[PDB]
Amino acid sequence: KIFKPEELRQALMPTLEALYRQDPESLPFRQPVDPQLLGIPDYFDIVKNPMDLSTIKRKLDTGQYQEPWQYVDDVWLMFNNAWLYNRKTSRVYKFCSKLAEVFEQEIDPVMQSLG
Ligand SMILES: CC(=O)Nc1ccc(O)cc1
């Protein structure tokens, strides 16, 4: 199963768009966490591989995902980073959980169609 870059992008983009359409829940995830601006030097000590929606979109737009599971991995990386670093009742954690709910709903039929 070799994937054409534009077809992989076309099949996956709606799942990413669904995340972006979540307002306010996507908002903390539409751009990278910047620990220097936020003044949180511990962030990169906990989150070794940062990920966010803007980076996932750029990768999806620029043929950086050869296979669908690589995209799925990055989305889960984004979620797991947020759930690891932040308090359970924090806004970011709660918002993350909503995006995860949406993603789990969107991704299943898409991954089945691709496979
Ligand atoms: C997605 C995320 O982890 N955002 C975030 C983390 C720490 C902070 O102090 C402010 C925002």
Side-chain angles (χ1 to χ4, degrees), residues 3-111 113-115:
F3 297 95
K4 302 201 265 202
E6 81 287 3
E7 298 210 316
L8 183 149
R9 177 168 176 267
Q10 186 172 64
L12 295 175
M13 187 63 70
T15 71
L16 184 56
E17 284 176 347
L19 301 185
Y20 269 96
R21 299 274 162 77
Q22 306 309 308
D23 191 325
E25 291 90 353
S26 70
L27 296 176
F29 302 94
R30 287 181 181 181
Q31 60 295 304
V33 177
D34 191 318
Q36 183 157 343
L37 293 174
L38 288 163
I40 47 171
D42 66 344
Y43 186 76
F44 289 144
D45 297 324
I46 290 298
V47 173
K48 310 300 178 61
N49 298 114
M51 190 56 54
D52 76 293
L53 294 171
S54 80
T55 299
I56 293 171
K57 180 159 200 306
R58 194 172 322 262
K59 288 180 78 175
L60 194 59
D61 286 342
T62 61
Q64 291 185 58
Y65 299 125
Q66 302 303 314
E67 312 207 332
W69 61 264
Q70 291 168 326
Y71 165 78
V72 173
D73 282 354
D74 271 350
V75 175
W76 282 101
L77 175 55
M78 181 179 72
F79 298 155
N80 283 136
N81 288 345
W83 287 324
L84 181 62
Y85 186 79
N86 296 280
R87 283 206 35 207
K88 173 161 272 168
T89 58
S90 73
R91 175 173 177 268
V92 166
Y93 195 110
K94 287 185 171 188
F95 284 19
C96 186
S97 295
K98 171 58 173 187
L99 298 184
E101 287 170 21
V102 171
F103 188 69
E104 288 180 302
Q105 262 209 200
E106 301 288 337
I107 195 57
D108 282 330
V110 173
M111 290 296 286
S113 75
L114 292 168

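Counting from 1, the numbers follow the sequence of the chain as shown.
- Counting heavy atoms from C-beta outward, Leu27 and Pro24 have side chains that approach closer than 4.5 Å.
- Expressed to the nearest 0.5 Å, how far CD of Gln64 lies from CG of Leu8 amounts to 12.0 Å.
- Sorted by first and then second residue, the ring pair (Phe, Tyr, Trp, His ring centres under 6.0 Å) pairs with a member in residues 49-70 read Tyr65-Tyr71; sequence neighbours excluded.
- In this structure a side-chain-to-backbone donor-acceptor pair under 3.5 Å is present from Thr62 to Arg58.
- The side chain to side chain contact (heavy atoms under 4.5 Å, CB included) check on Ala11 picks up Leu114, with sequence neighbours excluded.
- Taking both residues in full, the closest heavy atoms of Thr55 and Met51 are given as CG2-SD, 3.6 Å, listed atom of the first, atom of the second, then distance.
- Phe44 and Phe79 fall into different hydrophobic clusters, where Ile, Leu, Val, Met, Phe, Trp and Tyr side chains are chained together by heavy-atom contacts under 4.5 Å.
- For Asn49 (side chain) and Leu77 (main-chain N/O), no donor-acceptor pair under 3.5 Å exists by modelled atom type.
- The heavy-atom pair separating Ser26 from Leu53 by the smallest distance is CB-CD1, 3.9 Å.
- Side-chain contact between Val75 and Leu19: present, with at least one pair of heavy atoms (C-beta onward) separated by less than 4.5 Å.
- With hydrogens and angles disregarded, a donor-acceptor distance shorter than 3.5 Å links the side chain of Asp34 to the backbone of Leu37.
- Sorted by first and then second residue, the salt bridge (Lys or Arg N to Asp or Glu O under 4.0 Å) pairs with a member in residues 9-32 read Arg9-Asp61; sequence neighbours excluded.
- The closest side-chain heavy-atom distance from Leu60 to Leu16 is below 4.5 Å.
- The environment of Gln10 atom CD is sparse: at most 12 non-hydrogen atoms of other residues, nucleotides or ligands sit within 6.0 angstrom.
- Qualifying ring-ring contact (aromatic ring centres under 6.0 Å, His included) partners for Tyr85, counting only residues two or more places apart in sequence or in other chains: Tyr43.
- Listed by first then second residue, pairs satisfying salt bridge (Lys or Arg N to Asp or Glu O under 4.0 Å) with a partner in residues 72-88 read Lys59-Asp74, not counting sequence neighbours.
- Side-chain contact check for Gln66 versus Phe3: every heavy-atom pair is 4.5 Å or farther apart.
- Between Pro32 and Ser54 there is a side-chain heavy-atom pair separated by less than 4.5 Å.
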Taking distance alone, no hydrogens or angles, what donor-acceptor pairs closer than 3.5 Å link side-chain atoms of residues 91-103 to residues at least two apart or in another chain?
from	atom 1	to	atom 2	distance (Å)
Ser97	OG	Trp83	NE1	3.1
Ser97	OG	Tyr93	O	3.2

Test side chain to side chain contact (heavy atoms under 4.5 Å, CB included) applied to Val33 and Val47, step by step
CA-CA 10 Å; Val33 177; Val47 173; over 6 Å; no
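- Within the 4.5 Å cutoff, no side-chain heavy atoms of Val110 are placed close to those of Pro14.
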